[PDB]
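**Student:** Just start_18.csv, nothing more (CSV, N, CA and C atoms):
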```csv
chain,number,residue,atom,x,y,z
A,1,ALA,N,-78.7,-42.0,51.5
A,1,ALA,CA,-78.1,-41.1,52.5
A,1,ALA,C,-78.8,-41.2,53.8
A,2,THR,N,-78.1,-41.5,54.9
A,2,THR,CA,-78.7,-41.7,56.2
A,2,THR,C,-78.1,-40.6,57.2
A,3,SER,N,-78.9,-40.2,58.2
A,3,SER,CA,-78.4,-39.2,59.2
A,3,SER,C,-77.4,-39.9,60.1
A,4,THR,N,-76.1,-39.7,59.8
A,4,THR,CA,-75.1,-40.3,60.7
A,4,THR,C,-74.0,-39.3,61.0
A,5,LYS,N,-74.4,-38.0,61.1
A,5,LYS,CA,-73.4,-36.9,61.4
A,5,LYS,C,-73.5,-36.5,62.8
A,6,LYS,N,-72.4,-36.3,63.5
A,6,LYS,CA,-72.5,-35.8,65.0
A,6,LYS,C,-71.1,-35.6,65.5
A,7,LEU,N,-70.1,-36.4,65.1
A,7,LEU,CA,-68.7,-36.3,65.5
A,7,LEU,C,-68.5,-36.7,66.9
A,8,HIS,N,-67.6,-37.6,67.2
A,8,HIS,CA,-67.3,-38.2,68.5
A,8,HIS,C,-66.4,-37.2,69.3
A,9,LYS,N,-65.4,-37.6,70.0
A,9,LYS,CA,-64.5,-36.7,70.7
A,9,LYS,C,-63.3,-37.5,71.4
A,10,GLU,N,-62.1,-37.0,71.2
A,10,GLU,CA,-60.9,-37.7,71.8
A,10,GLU,C,-59.7,-36.8,71.8
A,11,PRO,N,-59.1,-36.7,72.9
A,11,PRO,CA,-57.9,-35.8,73.1
A,11,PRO,C,-56.8,-36.1,72.0
A,12,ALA,N,-56.0,-35.1,71.7
A,12,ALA,CA,-55.0,-35.2,70.7
A,12,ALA,C,-53.7,-34.5,71.1
A,13,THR,N,-52.9,-34.1,70.2
A,13,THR,CA,-51.6,-33.4,70.5
A,13,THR,C,-51.2,-32.5,69.4
A,14,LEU,N,-51.2,-31.2,69.6
A,14,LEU,CA,-50.8,-30.2,68.5
A,14,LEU,C,-49.5,-30.6,67.8
A,15,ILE,N,-49.6,-30.9,66.5
A,15,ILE,CA,-48.4,-31.2,65.8
A,15,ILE,C,-48.1,-30.0,64.9
A,16,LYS,N,-49.0,-29.6,64.0
A,16,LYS,CA,-48.8,-28.5,63.1
A,16,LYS,C,-50.0,-28.2,62.3
A,17,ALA,N,-50.7,-27.1,62.5
A,17,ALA,CA,-52.0,-26.8,61.8
A,17,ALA,C,-51.6,-26.4,60.4
A,18,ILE,N,-51.9,-27.2,59.4
A,18,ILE,CA,-51.6,-26.9,58.0
A,18,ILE,C,-52.4,-25.7,57.5
A,19,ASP,N,-53.8,-25.8,57.5
A,19,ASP,CA,-54.6,-24.8,57.0
A,19,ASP,C,-55.9,-24.7,57.9
A,20,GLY,N,-57.0,-24.1,57.4
A,20,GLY,CA,-58.3,-24.1,58.2
A,20,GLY,C,-58.7,-25.5,58.6
A,21,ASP,N,-59.4,-26.2,57.7
A,21,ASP,CA,-59.9,-27.6,58.0
A,21,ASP,C,-58.7,-28.5,58.1
A,22,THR,N,-57.6,-28.2,57.4
A,22,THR,CA,-56.4,-29.1,57.5
A,22,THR,C,-55.6,-28.9,58.8
A,23,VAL,N,-55.4,-29.9,59.6
A,23,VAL,CA,-54.7,-29.8,60.9
A,23,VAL,C,-53.9,-31.0,61.2
A,24,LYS,N,-52.7,-30.9,61.7
A,24,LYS,CA,-51.9,-32.1,62.1
A,24,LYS,C,-51.9,-32.3,63.6
A,25,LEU,N,-52.4,-33.5,64.0
A,25,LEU,CA,-52.4,-33.8,65.5
A,25,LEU,C,-52.5,-35.3,65.7
A,26,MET,N,-52.2,-35.8,66.8
A,26,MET,CA,-52.3,-37.3,67.1
A,26,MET,C,-53.6,-37.5,68.0
A,27,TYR,N,-54.6,-38.0,67.3
A,27,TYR,CA,-55.9,-38.3,68.1
A,27,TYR,C,-55.7,-39.6,68.9
A,28,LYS,N,-55.0,-40.6,68.3
A,28,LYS,CA,-54.8,-41.9,69.0
A,28,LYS,C,-53.3,-42.2,69.0
A,29,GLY,N,-52.5,-41.2,69.3
A,29,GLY,CA,-51.0,-41.5,69.3
A,29,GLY,C,-50.5,-41.6,67.8
A,30,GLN,N,-51.3,-41.2,66.8
A,30,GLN,CA,-50.8,-41.3,65.4
A,30,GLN,C,-50.8,-40.0,64.7
A,31,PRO,N,-49.7,-39.5,64.4
A,31,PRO,CA,-49.5,-38.2,63.8
A,31,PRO,C,-50.1,-38.2,62.4
A,32,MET,N,-51.2,-37.5,62.2
A,32,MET,CA,-51.9,-37.5,60.8
A,32,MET,C,-52.4,-36.1,60.5
A,33,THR,N,-53.4,-36.0,59.6
A,33,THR,CA,-53.9,-34.7,59.3
A,33,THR,C,-55.4,-34.9,59.0
A,34,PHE,N,-56.2,-33.9,59.5
A,34,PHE,CA,-57.7,-34.1,59.4
A,34,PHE,C,-58.3,-32.9,58.7
A,35,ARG,N,-59.1,-33.1,57.6
A,35,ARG,CA,-59.7,-32.0,56.8
A,35,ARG,C,-61.2,-32.0,56.9
A,36,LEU,N,-61.8,-33.2,56.9
A,36,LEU,CA,-63.3,-33.2,57.0
A,36,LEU,C,-63.9,-32.6,55.7
A,37,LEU,N,-64.0,-31.3,55.6
A,37,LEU,CA,-64.5,-30.6,54.4
A,37,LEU,C,-63.3,-30.2,53.6
A,38,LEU,N,-62.1,-30.1,54.2
A,38,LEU,CA,-60.9,-29.6,53.5
A,38,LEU,C,-61.0,-28.1,53.2
A,39,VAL,N,-60.0,-27.4,53.7
A,39,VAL,CA,-59.9,-26.0,53.4
A,39,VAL,C,-59.8,-25.6,51.9
A,40,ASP,N,-59.3,-24.5,51.6
A,40,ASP,CA,-59.2,-24.1,50.1
A,40,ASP,C,-58.0,-23.2,49.9
A,41,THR,N,-56.9,-23.6,50.3
A,41,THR,CA,-55.7,-22.7,50.1
A,41,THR,C,-55.1,-22.9,48.6
A,42,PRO,N,-54.9,-24.1,48.2
A,42,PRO,CA,-54.4,-24.3,46.8
A,42,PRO,C,-55.4,-24.0,45.8
A,43,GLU,N,-55.2,-22.9,45.0
A,43,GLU,CA,-56.2,-22.5,44.0
A,43,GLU,C,-55.5,-22.4,42.6
A,44,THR,N,-55.5,-23.4,41.9
A,44,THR,CA,-54.9,-23.4,40.5
A,44,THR,C,-53.4,-23.1,40.6
A,45,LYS,N,-52.5,-24.1,40.3
A,45,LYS,CA,-51.1,-23.9,40.3
A,45,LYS,C,-50.6,-23.1,39.1
A,46,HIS,N,-50.1,-22.0,39.2
A,46,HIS,CA,-49.6,-21.2,38.0
A,46,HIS,C,-48.2,-21.5,37.7
A,47,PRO,N,-47.8,-21.4,36.5
A,47,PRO,CA,-46.5,-21.6,36.0
A,47,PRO,C,-45.5,-20.7,36.7
A,48,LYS,N,-45.8,-19.4,36.7
A,48,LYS,CA,-44.9,-18.4,37.4
A,48,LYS,C,-44.8,-18.6,38.9
A,49,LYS,N,-43.8,-18.3,39.6
A,49,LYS,CA,-43.6,-18.5,41.0
A,49,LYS,C,-44.6,-17.5,41.8
A,50,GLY,N,-45.4,-18.0,42.7
A,50,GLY,CA,-46.3,-17.1,43.5
A,50,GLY,C,-45.7,-16.8,44.8
A,51,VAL,N,-46.3,-17.3,45.9
A,51,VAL,CA,-45.8,-17.0,47.3
A,51,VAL,C,-46.3,-18.0,48.2
A,52,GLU,N,-45.5,-18.5,49.1
A,52,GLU,CA,-45.9,-19.5,50.1
A,52,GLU,C,-46.6,-18.9,51.3
A,53,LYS,N,-47.8,-19.3,51.7
A,53,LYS,CA,-48.5,-18.7,52.8
A,53,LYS,C,-48.8,-19.8,53.9
A,54,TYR,N,-48.6,-19.4,55.1
A,54,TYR,CA,-48.9,-20.4,56.2
A,54,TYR,C,-50.4,-20.7,56.4
A,55,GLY,N,-51.2,-19.7,56.2
A,55,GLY,CA,-52.7,-19.8,56.3
A,55,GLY,C,-53.4,-18.6,55.7
A,56,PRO,N,-54.6,-18.9,55.2
A,56,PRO,CA,-55.4,-17.8,54.6
A,56,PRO,C,-55.9,-16.7,55.6
A,57,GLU,N,-56.9,-16.0,55.4
A,57,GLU,CA,-57.4,-14.9,56.3
A,57,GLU,C,-58.1,-15.5,57.5
A,58,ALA,N,-59.4,-15.9,57.4
A,58,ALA,CA,-60.2,-16.4,58.5
A,58,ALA,C,-59.6,-17.8,58.9
A,59,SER,N,-59.1,-18.6,57.9
A,59,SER,CA,-58.5,-19.9,58.2
A,59,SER,C,-57.2,-19.7,59.1
A,60,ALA,N,-56.6,-18.6,58.9
A,60,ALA,CA,-55.3,-18.3,59.7
A,60,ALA,C,-55.7,-18.3,61.2
A,61,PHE,N,-56.8,-17.7,61.6
A,61,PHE,CA,-57.2,-17.7,63.0
A,61,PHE,C,-57.6,-19.2,63.4
A,62,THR,N,-58.2,-19.9,62.5
A,62,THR,CA,-58.6,-21.3,62.8
A,62,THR,C,-57.3,-22.1,63.1
A,63,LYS,N,-56.2,-21.7,62.5
A,63,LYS,CA,-54.9,-22.4,62.7
A,63,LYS,C,-54.5,-22.3,64.2
A,64,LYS,N,-54.9,-21.2,64.8
A,64,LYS,CA,-54.5,-21.0,66.2
A,64,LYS,C,-55.3,-21.9,67.1
A,65,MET,N,-56.5,-22.3,66.8
A,65,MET,CA,-57.3,-23.3,67.6
A,65,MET,C,-56.7,-24.7,67.4
A,66,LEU,N,-55.4,-24.8,67.6
A,66,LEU,CA,-54.7,-26.1,67.3
A,66,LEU,C,-53.2,-26.0,67.6
A,67,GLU,N,-52.6,-24.8,67.4
A,67,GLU,CA,-51.2,-24.7,67.7
A,67,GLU,C,-50.9,-24.5,69.2
A,68,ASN,N,-51.9,-24.1,69.9
A,68,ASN,CA,-51.7,-23.9,71.4
A,68,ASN,C,-52.8,-24.6,72.2
A,69,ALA,N,-53.6,-25.4,71.5
A,69,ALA,CA,-54.7,-26.1,72.2
A,69,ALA,C,-54.2,-27.3,73.0
A,70,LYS,N,-54.3,-27.4,74.3
A,70,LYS,CA,-53.8,-28.5,75.1
A,70,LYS,C,-54.9,-29.6,75.2
A,71,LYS,N,-56.0,-29.2,75.6
A,71,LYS,CA,-57.2,-30.2,75.7
A,71,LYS,C,-57.8,-30.3,74.3
A,72,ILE,N,-57.8,-31.4,73.7
A,72,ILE,CA,-58.4,-31.5,72.4
A,72,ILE,C,-59.5,-32.6,72.4
A,73,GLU,N,-60.4,-32.6,71.5
A,73,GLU,CA,-61.4,-33.7,71.4
A,73,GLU,C,-61.7,-33.9,70.0
A,74,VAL,N,-60.7,-34.4,69.2
A,74,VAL,CA,-60.9,-34.7,67.7
A,74,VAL,C,-62.3,-35.4,67.6
A,75,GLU,N,-63.2,-34.7,67.0
A,75,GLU,CA,-64.6,-35.3,66.9
A,75,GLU,C,-64.7,-35.9,65.5
A,76,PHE,N,-64.7,-37.2,65.4
A,76,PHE,CA,-64.8,-37.9,64.1
A,76,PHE,C,-66.2,-38.4,63.9
A,77,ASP,N,-67.0,-37.8,63.1
A,77,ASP,CA,-68.4,-38.3,62.9
A,77,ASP,C,-68.5,-39.8,62.6
A,78,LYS,N,-69.6,-40.4,62.9
A,78,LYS,CA,-69.8,-41.9,62.7
A,78,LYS,C,-69.5,-42.1,61.2
A,79,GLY,N,-68.6,-43.0,61.0
A,79,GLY,CA,-68.2,-43.3,59.6
A,79,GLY,C,-67.3,-42.1,59.1
A,80,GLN,N,-66.0,-42.2,59.4
A,80,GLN,CA,-65.1,-41.1,59.0
A,80,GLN,C,-65.3,-40.7,57.5
A,81,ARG,N,-65.0,-39.4,57.2
A,81,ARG,CA,-65.2,-38.9,55.8
A,81,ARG,C,-64.1,-39.5,54.9
A,82,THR,N,-64.0,-40.7,54.7
A,82,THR,CA,-63.0,-41.3,53.8
A,82,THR,C,-63.5,-41.1,52.3
A,83,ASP,N,-62.6,-41.6,51.4
A,83,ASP,CA,-63.0,-41.4,50.0
A,83,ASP,C,-62.0,-42.3,49.1
A,84,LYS,N,-60.9,-41.7,48.6
A,84,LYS,CA,-60.0,-42.6,47.8
A,84,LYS,C,-58.8,-42.9,48.6
A,85,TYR,N,-58.1,-41.9,49.1
A,85,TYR,CA,-56.9,-42.2,50.0
A,85,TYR,C,-57.4,-42.6,51.4
A,86,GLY,N,-58.6,-42.2,51.8
A,86,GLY,CA,-59.1,-42.5,53.1
A,86,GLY,C,-58.3,-41.7,54.2
A,87,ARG,N,-58.1,-40.4,54.0
A,87,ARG,CA,-57.4,-39.6,55.1
A,87,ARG,C,-58.3,-39.5,56.3
A,88,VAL,N,-57.8,-38.9,57.4
A,88,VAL,CA,-58.6,-38.8,58.6
A,88,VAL,C,-59.5,-37.6,58.5
A,89,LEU,N,-60.5,-37.6,57.6
A,89,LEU,CA,-61.3,-36.4,57.4
A,89,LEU,C,-62.2,-36.2,58.6
A,90,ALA,N,-61.8,-35.2,59.4
A,90,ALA,CA,-62.6,-34.9,60.6
A,90,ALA,C,-62.2,-33.5,61.1
A,91,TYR,N,-62.8,-33.1,62.3
A,91,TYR,CA,-62.5,-31.7,62.8
A,91,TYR,C,-61.9,-31.8,64.2
A,92,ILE,N,-61.1,-30.9,64.6
A,92,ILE,CA,-60.5,-30.9,65.9
A,92,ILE,C,-61.3,-30.0,66.9
A,93,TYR,N,-61.5,-30.4,68.1
A,93,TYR,CA,-62.3,-29.6,69.0
A,93,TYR,C,-61.5,-29.3,70.3
A,94,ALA,N,-60.5,-28.4,70.2
A,94,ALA,CA,-59.6,-28.1,71.3
A,94,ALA,C,-59.6,-26.6,71.6
A,95,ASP,N,-59.6,-26.2,72.8
A,95,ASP,CA,-59.6,-24.7,73.2
A,95,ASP,C,-60.6,-24.0,72.3
A,96,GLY,N,-61.9,-24.0,72.7
A,96,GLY,CA,-62.9,-23.3,72.0
A,96,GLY,C,-63.9,-24.3,71.4
A,97,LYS,N,-63.4,-25.4,71.0
A,97,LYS,CA,-64.3,-26.5,70.5
A,97,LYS,C,-64.9,-26.1,69.1
A,98,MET,N,-64.7,-27.0,68.1
A,98,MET,CA,-65.2,-26.7,66.7
A,98,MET,C,-64.2,-25.7,66.0
A,99,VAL,N,-63.2,-25.3,66.7
A,99,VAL,CA,-62.2,-24.3,66.1
A,99,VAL,C,-62.9,-23.0,65.7
A,100,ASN,N,-64.2,-22.8,66.0
A,100,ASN,CA,-64.9,-21.5,65.7
A,100,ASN,C,-64.6,-20.5,66.8
A,101,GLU,N,-63.4,-20.2,67.0
A,101,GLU,CA,-63.0,-19.2,68.1
A,101,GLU,C,-63.4,-17.8,67.5
A,102,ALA,N,-63.2,-17.5,66.3
A,102,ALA,CA,-63.5,-16.2,65.7
A,102,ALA,C,-65.0,-15.9,65.8
A,103,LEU,N,-65.3,-14.9,66.6
A,103,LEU,CA,-66.8,-14.5,66.8
A,103,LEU,C,-67.0,-13.1,66.4
```
As structure tokens, how would this structure be written, given the file I've shared?

**Tutor:**
Amino acid sequence: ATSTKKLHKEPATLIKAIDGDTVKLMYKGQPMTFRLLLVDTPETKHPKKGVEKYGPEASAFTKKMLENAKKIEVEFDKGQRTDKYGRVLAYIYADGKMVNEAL
């Protein structure tokens, strides 16, 4: 394990905030989704029908730091958080930076 965490920065375009860490935006003109640590909305799929929710409690406010953020700085730490599919695992830094607007 080496210290390679810091996250860079690059403007993007609000496409659709899926959940807390999950967010859809174009950091390089490419519509994708970035989770980094990945939120936790899906919790065990039950056989009976449950209910569709746009976003959890605190993560719902995190969804706002992306639906109306004009200036963005998608910070992707050195060596993106890839794994099996190699998604764009990173965080968005627009309007508030780090999406930590809830204080």

**Student:** Provide the atom CA of residue A:30 to atom CA of residue A:60 distance in Å, to one decimal place.

**Tutor:** 24.1 Å

**Student:** Can you tell me which residues surround residue A:22 at a distance of at most 8 Å, considering only N, CA and C atoms, apart from same-chain residues fewer than 2 positions away, and format the answer as a VMD selection string?

**Tutor:** chain A and resid 16 to 20 24 to 25 33 to 40 63 90

**Student:** Need to verify the contact set: residue A:103, 12 Å, only C-alpha atoms, exclusion of same-chain residues closer than 3 positions in sequence. Can you return it as a PyMOL selection string?

**Tutor:** chain A and resi 58+61-62+96+99-100

**Student:** If you measure from atom CA of residue A:76 to atom CA of residue A:9, what distance in Å do you get, rounded to one decimal?

**Tutor:**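 It comes out at 6.7 Å.
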
**Student:** Do you know which residues are at most 9 Å from residue A:28 counting only C-alpha atoms, after dropping those on the same chain fewer than 6 positions away, and could you put them as an mmCIF file with N, CA and C atoms, in the frame of the given file?

**Tutor:**
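Contents of the output file around.cif:
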```
data_model
loop_
_atom_site.group_PDB
_atom_site.id
_atom_site.type_symbol
_atom_site.label_atom_id
_atom_site.label_comp_id
_atom_site.auth_asym_id
_atom_site.auth_seq_id
_atom_site.Cartn_x
_atom_site.Cartn_y
_atom_site.Cartn_z
ATOM 1 N N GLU A 10 -62.100 -37.000 71.200
ATOM 2 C CA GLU A 10 -60.900 -37.700 71.800
ATOM 3 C C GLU A 10 -59.700 -36.800 71.800
ATOM 4 N N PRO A 11 -59.100 -36.700 72.900
ATOM 5 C CA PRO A 11 -57.900 -35.800 73.100
ATOM 6 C C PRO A 11 -56.800 -36.100 72.000
ATOM 7 N N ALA A 12 -56.000 -35.100 71.700
ATOM 8 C CA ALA A 12 -55.000 -35.200 70.700
ATOM 9 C C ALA A 12 -53.700 -34.500 71.100
#
```

**Student:** Pick out the closest residue to residue A:75 from this set: A:49, A:87, A:97, A:3. Count only C-alpha atoms.

**Tutor:**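 Smallest distance to residue A:75 is found for A:97.
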
**Student:** What separation in Å, quoted to one decimal, exists between atom CA of residue A:47 and atom CA of residue A:59?

**Tutor:**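 Value for the atom CA of residue A:47-atom CA of residue A:59 distance: 25.3 Å.
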
**Student:** A:6, A:74, A:89, A:56: which is nearest residue A:26, counting all atoms listed in the file?

**Tutor:**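 Closest residue, counting all atoms listed in the file: A:74.
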
**Student:** Between A:94, A:32, A:102, A:23, which residue has the minimum interatomic distance to residue A:73, considering all atoms listed in the file?

**Tutor:**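 Residue with the minimum atom-to-atom distance to residue A:73: A:94.
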
**Student:** Between A:41, A:78, A:84, A:71, which one has atoms that come closest to residue A:57, using only C-alpha atoms?

**Tutor:** A:41

**Student:** Enumerate the residues of stretch 21-78 of chain A with a DSSP assignment of alpha helix (DSSP H), computed from the backbone, and present them as a VMD selection string.

**Tutor:** chain A and resid 58 to 67

**Student:** In terms of the shortest atom-to-atom distance over all atoms listed in the file, which of A:48, A:54, A:64, A:72 is closest to residue A:13?

**Tutor:**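 Once distances to residue A:13 are computed over all atoms listed in the file, the minimum belongs to A:72.
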
**Student:** For residue A:4, which residue out of A:93, A:51, A:86, A:77 is the nearest one, using all atoms listed in the file?

**Tutor:**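 That would be A:77, the residue with the smallest distance to residue A:4.
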
**Student:** Emit a file covering chain A of the preceding structure with C-alpha atoms, as an mmCIF file, in the first residue's frame.

**Tutor:**
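Output (result20.cif):
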```
data_model
loop_
_atom_site.group_PDB
_atom_site.id
_atom_site.type_symbol
_atom_site.label_atom_id
_atom_site.label_comp_id
_atom_site.auth_asym_id
_atom_site.auth_seq_id
_atom_site.Cartn_x
_atom_site.Cartn_y
_atom_site.Cartn_z
ATOM 1 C CA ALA A 1 0.000 0.000 0.000
ATOM 2 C CA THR A 2 1.451 3.417 -0.987
ATOM 3 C CA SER A 3 0.226 6.955 -0.137
ATOM 4 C CA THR A 4 -1.328 7.981 -3.494
ATOM 5 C CA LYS A 5 -4.613 9.616 -2.331
ATOM 6 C CA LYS A 6 -5.346 13.329 -3.009
ATOM 7 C CA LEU A 7 -7.853 13.592 -5.937
ATOM 8 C CA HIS A 8 -7.126 15.908 -8.923
ATOM 9 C CA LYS A 9 -9.799 18.360 -10.291
ATOM 10 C CA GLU A 10 -11.646 18.943 -13.620
ATOM 11 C CA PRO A 11 -14.911 20.673 -14.562
ATOM 12 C CA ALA A 12 -17.903 18.466 -15.480
ATOM 13 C CA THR A 13 -21.641 18.811 -16.334
ATOM 14 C CA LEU A 14 -24.585 17.813 -14.095
ATOM 15 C CA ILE A 15 -26.310 14.827 -15.745
ATOM 16 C CA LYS A 16 -28.199 13.059 -12.902
ATOM 17 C CA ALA A 17 -27.130 12.445 -9.267
ATOM 18 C CA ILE A 18 -27.980 8.765 -8.678
ATOM 19 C CA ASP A 19 -27.206 8.568 -4.915
ATOM 20 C CA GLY A 20 -24.708 9.954 -2.321
ATOM 21 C CA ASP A 21 -21.324 8.814 -3.738
ATOM 22 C CA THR A 22 -23.038 7.750 -7.013
ATOM 23 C CA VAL A 23 -23.320 10.764 -9.386
ATOM 24 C CA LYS A 24 -23.730 11.093 -13.193
ATOM 25 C CA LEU A 25 -21.673 13.877 -14.879
ATOM 26 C CA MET A 26 -19.254 14.378 -17.821
ATOM 27 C CA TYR A 27 -15.762 15.145 -16.449
ATOM 28 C CA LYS A 28 -14.144 14.862 -19.924
ATOM 29 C CA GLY A 29 -17.212 15.165 -22.202
ATOM 30 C CA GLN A 30 -18.093 11.530 -21.312
ATOM 31 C CA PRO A 31 -21.400 10.862 -19.497
ATOM 32 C CA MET A 32 -20.526 8.324 -16.752
ATOM 33 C CA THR A 33 -21.059 7.712 -12.995
ATOM 34 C CA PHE A 34 -18.562 8.139 -10.133
ATOM 35 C CA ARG A 35 -18.888 6.384 -6.730
ATOM 36 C CA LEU A 36 -15.318 6.213 -5.257
ATOM 37 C CA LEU A 37 -16.514 4.596 -1.982
ATOM 38 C CA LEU A 38 -20.017 3.941 -3.446
ATOM 39 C CA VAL A 39 -23.130 4.937 -1.457
ATOM 40 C CA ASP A 40 -25.372 2.284 0.212
ATOM 41 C CA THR A 41 -28.959 2.584 -1.131
ATOM 42 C CA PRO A 42 -29.472 -1.037 -2.335
ATOM 43 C CA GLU A 43 -29.756 -3.129 0.871
ATOM 44 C CA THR A 44 -30.803 -6.773 0.187
ATOM 45 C CA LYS A 45 -33.400 -7.185 -2.611
ATOM 46 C CA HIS A 46 -36.607 -8.595 -1.039
ATOM 47 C CA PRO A 47 -39.088 -10.785 -2.962
ATOM 48 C CA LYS A 48 -42.065 -8.524 -2.055
ATOM 49 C CA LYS A 49 -42.314 -5.097 -3.775
ATOM 50 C CA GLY A 50 -40.731 -2.318 -1.649
ATOM 51 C CA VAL A 51 -40.520 1.334 -2.814
ATOM 52 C CA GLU A 52 -38.298 3.296 -5.257
ATOM 53 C CA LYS A 53 -36.431 6.217 -3.605
ATOM 54 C CA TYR A 54 -34.421 8.952 -5.403
ATOM 55 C CA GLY A 55 -31.904 9.287 -2.508
ATOM 56 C CA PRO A 56 -31.461 8.338 1.179
ATOM 57 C CA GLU A 57 -31.513 10.896 4.070
ATOM 58 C CA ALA A 58 -28.050 12.604 4.292
ATOM 59 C CA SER A 59 -27.171 11.293 0.795
ATOM 60 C CA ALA A 60 -30.304 13.105 -0.531
ATOM 61 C CA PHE A 61 -28.646 16.467 0.322
ATOM 62 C CA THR A 62 -25.401 15.190 -1.288
ATOM 63 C CA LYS A 63 -27.515 14.681 -4.459
ATOM 64 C CA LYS A 64 -28.061 18.475 -4.529
ATOM 65 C CA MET A 65 -24.306 19.225 -4.704
ATOM 66 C CA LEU A 66 -24.458 17.958 -8.319
ATOM 67 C CA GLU A 67 -27.991 18.651 -9.720
ATOM 68 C CA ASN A 68 -27.432 22.449 -9.746
ATOM 69 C CA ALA A 69 -23.595 22.681 -9.537
ATOM 70 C CA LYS A 70 -22.283 24.660 -12.551
ATOM 71 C CA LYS A 71 -18.560 24.845 -11.686
ATOM 72 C CA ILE A 72 -17.329 21.299 -10.981
ATOM 73 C CA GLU A 73 -13.903 19.834 -10.299
ATOM 74 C CA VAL A 74 -14.313 16.012 -10.448
ATOM 75 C CA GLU A 75 -11.295 15.086 -8.299
ATOM 76 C CA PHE A 76 -10.000 11.631 -9.319
ATOM 77 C CA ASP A 77 -7.219 10.509 -6.908
ATOM 78 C CA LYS A 78 -3.934 9.282 -8.499
ATOM 79 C CA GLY A 79 -4.809 5.825 -9.889
ATOM 80 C CA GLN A 80 -8.631 5.860 -10.170
ATOM 81 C CA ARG A 81 -10.515 3.505 -7.806
ATOM 82 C CA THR A 82 -10.969 0.747 -10.446
ATOM 83 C CA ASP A 83 -11.644 -2.916 -9.594
ATOM 84 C CA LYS A 84 -13.523 -5.419 -11.843
ATOM 85 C CA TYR A 85 -15.668 -3.284 -14.191
ATOM 86 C CA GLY A 86 -13.299 -0.300 -13.702
ATOM 87 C CA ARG A 87 -16.053 2.334 -13.221
ATOM 88 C CA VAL A 88 -15.060 6.009 -12.725
ATOM 89 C CA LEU A 89 -14.696 5.623 -8.941
ATOM 90 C CA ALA A 90 -14.140 9.216 -7.770
ATOM 91 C CA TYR A 91 -15.872 12.229 -6.143
ATOM 92 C CA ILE A 92 -17.365 15.409 -7.635
ATOM 93 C CA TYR A 93 -16.279 18.791 -6.255
ATOM 94 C CA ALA A 94 -18.794 21.357 -7.493
ATOM 95 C CA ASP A 95 -20.653 24.103 -5.557
ATOM 96 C CA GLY A 96 -19.289 23.497 -2.023
ATOM 97 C CA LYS A 97 -16.421 21.146 -3.071
ATOM 98 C CA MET A 98 -16.321 17.522 -1.777
ATOM 99 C CA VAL A 99 -20.185 17.541 -1.795
ATOM 100 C CA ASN A 100 -19.986 18.091 2.043
ATOM 101 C CA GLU A 101 -22.485 21.019 1.917
ATOM 102 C CA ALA A 102 -24.465 19.637 4.911
ATOM 103 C CA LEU A 103 -22.828 21.290 7.966
#
```
